[PDB]
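Same chain, two forms, each on its own as structure tokens: structure 1, then structure 2.
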Structure 1
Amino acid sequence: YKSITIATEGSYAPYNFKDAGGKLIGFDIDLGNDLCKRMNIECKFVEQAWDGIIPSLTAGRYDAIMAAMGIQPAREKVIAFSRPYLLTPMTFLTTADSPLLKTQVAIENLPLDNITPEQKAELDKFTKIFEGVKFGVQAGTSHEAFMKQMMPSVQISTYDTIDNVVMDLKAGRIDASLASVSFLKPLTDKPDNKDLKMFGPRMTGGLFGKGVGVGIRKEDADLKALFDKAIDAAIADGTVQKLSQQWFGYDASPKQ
């Protein structure tokens, strides 16, 4: 490898989005360029809609995916992943005036890898509270997968982009959403969004998988080996931590 093409969504701030000049910016872009410098490879970022981001990788339209993509078991059946470059729990989003905010959280950190009757009881409590509540999620996400598999009795609307989800929540067309803390914290930290609040347990594992990684074709074992060495070095020297604070306003970097 001398040169690779990396796909990103271009509409998932602060991971990947467009600046005032329409240039691709974000945590994914800065990290991607940093990892490619360590691998001594020419880096080109391209914009790709979330819908066909995985089949365009397997079809050879580009060489990698850096688009806030969770290393989830369903995706591992189709593509390979690098080592996680970011770890993030998942939580719920609603309006600041919502009665949903007064709900008691019995389990602050909820792992989904081996759901106990206690963990299931907490999941069922939230499922029953979310009955009658209109939920909105971006289509093709682990957020949609969680709602369909874990909370099927909850009415959900799916969207092309996360920006349309946020728009409809602020407009009052939906009552709640679900995304990672890495997306929801910088969003709710904005003075623009003081009318929006995070709530409920912070969930990890299960269908959400084990962090955010680089999507690579399964046959490209050498490119994965290069990315894994570059990510381990970027984590060790504190580059991931620095970019996490810069873009997310907190440290979401993994530990060695």
Structure 2
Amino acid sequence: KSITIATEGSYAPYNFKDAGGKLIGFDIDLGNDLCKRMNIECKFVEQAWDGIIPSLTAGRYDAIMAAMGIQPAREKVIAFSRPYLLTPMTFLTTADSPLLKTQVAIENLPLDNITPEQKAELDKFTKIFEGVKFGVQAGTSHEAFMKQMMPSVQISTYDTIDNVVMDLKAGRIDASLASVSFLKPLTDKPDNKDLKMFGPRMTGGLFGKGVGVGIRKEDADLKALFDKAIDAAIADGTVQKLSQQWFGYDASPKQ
């Protein structure tokens, strides 16, 4: 038994290339680890984003591991394994903003079945955000979360996240909300040490279920094999270990 897994190869640290052009990254290391548990051979191939789903349905390969968010639009065409990595979102402000002084009672905040303690934390931040100029990228889940969960907060919209960042550095806005995968490398750059992430690391709700293995709907047995492998990889700490290695934070889901 052997499967071909498609990835982008242009989305570091999920899937990208080494100096020799070989596919590397979290998706590649996890894909190989999952296939090893499944006792199946693994081959990674490159596929441009626009054709990644049609080429799966055309049968060019058996699965997709390309930081693909499990979402209703994709679920209309393909099936997904259980999530293999969460997609945390967090807030961004300037270094020395008073917003950094706000104590974070719960670091990880899953939004789906919000506990009274979790809701109290989200209300506490929403309260402070009342007097803060907020900026968000238009058409994103970040804009949706602010419009649905934080109506008490004034928001301005931008075409790109780079433009949100430029206006925060210019002082036109005081804070933002974006993905940790974008914000962590951004704030790690010496030229951006005047910026800081803060607040809860949120997942679920409007932010989706996380990333999953894209599989043809008919391949029920392959999804079952992937689900068993993912649960075993979460259970033994492999997902957590690879998450820390590739991202510098733990985005592993619950088993």
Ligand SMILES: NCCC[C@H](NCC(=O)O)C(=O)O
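Here, residue number means position along structure 1's sequence, counting from 1.
Here the chain taken from the form solved in complex with the named molecule appears as structure 1, while structure 2 comes from elsewhere. Both residue 80 and residue 3 are counted in one common rigid part of the motion between the two structures, based on the superposition that better accommodates each C-alpha. The rotation of the smaller rigid part against the larger one between the two structures comes to 46 degrees.
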